[PDB]
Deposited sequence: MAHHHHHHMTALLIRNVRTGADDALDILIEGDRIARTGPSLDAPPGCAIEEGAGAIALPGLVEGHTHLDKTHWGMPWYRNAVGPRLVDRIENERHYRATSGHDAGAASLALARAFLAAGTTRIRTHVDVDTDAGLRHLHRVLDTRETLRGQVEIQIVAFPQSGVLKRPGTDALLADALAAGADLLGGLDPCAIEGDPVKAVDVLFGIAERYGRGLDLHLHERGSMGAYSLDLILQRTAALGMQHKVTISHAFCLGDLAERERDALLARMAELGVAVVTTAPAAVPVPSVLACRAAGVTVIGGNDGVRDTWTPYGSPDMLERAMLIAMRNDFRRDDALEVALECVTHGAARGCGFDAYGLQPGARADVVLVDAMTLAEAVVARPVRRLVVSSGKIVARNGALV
């Protein structure tokens, strides 16, 4: 069995310590640790040690990472994507693998990805991402959400396909906009929860609906979550309507989400209202950070650097204080892991030995400066140095 002693690192505002790793777990933390015989030594040189970063919401199947630049002349964005996939030979396999490897090189060791599951492609995108997940076993842990991007109710056979996706290895059921997309919100929520209940799985639902319509759909989702006892098994992604509502109605919904263990994903889009990270926090709602798309036919933006996403969340929420920047960093570390149900997380003994070293004086500096990951350790193995896989 292999041991790794990372000497002389800082977890933040605290004295420096060493981190002893054995197998895939953190074995010991503290100052001036003894070295087990034959243990490898890594000199941390006073760097900040971070737990493995977490991508709580992306779309690995859609990315053009590693491909030639996608020239965007979109006007109409759902029909553009479908035409691209039906006139190009896009391979969710090489793309998802390249992007997930870039995530790893930048210190992200846990990823929740949505994958399109629909009657245009069947399970083809799912199978490609499952291949990528198997290639990266022991290197990146990947949760897969089976996402009916173009809807369920109006597309015959989509319900059975989503069930097939869960049976084939998708971890979570996805879905979207029970009013705006599905047209029959009660039927849509009942169909989706029925499928997830059959496989005993959780759900992560895209909710773009604005204002009172979004609040209505959210209420329906939370009602069903409570009725089925699906505690800590439902995630709401985007949830823009929480930025539209009066504070009274907003906090009542957030209170219900906190009670049910429902987390919210924010990707901090700069041009639409977002849930206030501090309002969620004050209500007891866990906030998960995510990129959303990364260089696909929807968006040219996105990055495998989750420190950059933390920075963008902080900017979007008008954070300036150091402790507010640390709240944003929590959205791509402990908060994202808690919200997504990523277990054995952190830098304490017994946690999975995911360790990311960065040259920064403070956690707040690491958020805004995004220093290169000097070292990435994943499941106790050194996988990257100076931002590149070794």
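Asks: Enumerate the deposited-sequence segments absent from the coordinates, judged by C-alpha atoms, in order of position.
Replies: No coordinates exist for the deposited residues in 1-8, 84-87, so these stretches are absent from the model.
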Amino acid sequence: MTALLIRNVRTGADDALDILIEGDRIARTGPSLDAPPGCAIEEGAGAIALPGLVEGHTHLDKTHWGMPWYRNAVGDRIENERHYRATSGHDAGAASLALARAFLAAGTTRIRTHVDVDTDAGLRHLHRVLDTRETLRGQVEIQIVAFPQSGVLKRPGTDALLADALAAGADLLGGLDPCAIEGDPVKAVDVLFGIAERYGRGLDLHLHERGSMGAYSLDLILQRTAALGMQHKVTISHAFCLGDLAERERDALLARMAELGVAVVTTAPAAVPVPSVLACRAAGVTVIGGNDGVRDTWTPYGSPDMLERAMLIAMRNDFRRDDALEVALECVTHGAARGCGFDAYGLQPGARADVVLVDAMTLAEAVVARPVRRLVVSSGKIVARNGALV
From here on, numbers count along this sequence of modelled residues.
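Asks: Given the B-factors recorded for C-alpha atoms, which segment has the greater mean, 165-173 or 225-233?
Replies: It is 225-233.
Asks: Hey, which bit's got the bigger mean C-alpha B factor in the entry, 66-74 or 350-358?
Replies: Between 350-358 and 66-74, it is 66-74 that shows the higher mean C-alpha B-factor.
Asks: Highest Cα temperature factor in the entry, among the options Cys179, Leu207, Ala283, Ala106: which one is it?
Replies: Among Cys179, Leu207, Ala283, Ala106, the highest C-alpha B-factor in the entry belongs to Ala283.
Asks: Between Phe319, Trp298, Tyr301, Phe193, which one tops the list for Cα B-factor in this entry?
Replies: So the option with the highest C-alpha B-factor is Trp298.
Asks: Comparing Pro273 with the other modelled residues of its chain, is its CA B-factor in the lowest, middle or highest third?
Replies: Answer is highest: the recorded C-alpha B-factor places it there.
Asks: By the record's CA B-factor, is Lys381 among the lowest, middle or highest third of residues in the chain?
Replies: It belongs to the highest third of the chain when residues are ordered by C-alpha B-factor.
Asks: Among the modelled residues of this chain, does the Cα B factor of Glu308 put it in the lowest, middle or highest third?
Replies: Tercile = lowest for this residue's CA B-factor.
Asks: Pull the Cα B-factor of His125 out of the PDB entry and bin it into the chain's lowest, middle or highest third.
Replies: Answer is middle: the recorded C-alpha B-factor places it there.
Asks: Where does the C-alpha B-factor of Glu326 rank in its chain, lowest, middle or highest third?
Replies: Its C-alpha B-factor, which the entry lists for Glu326, ranks in the lowest third among residues of this chain.
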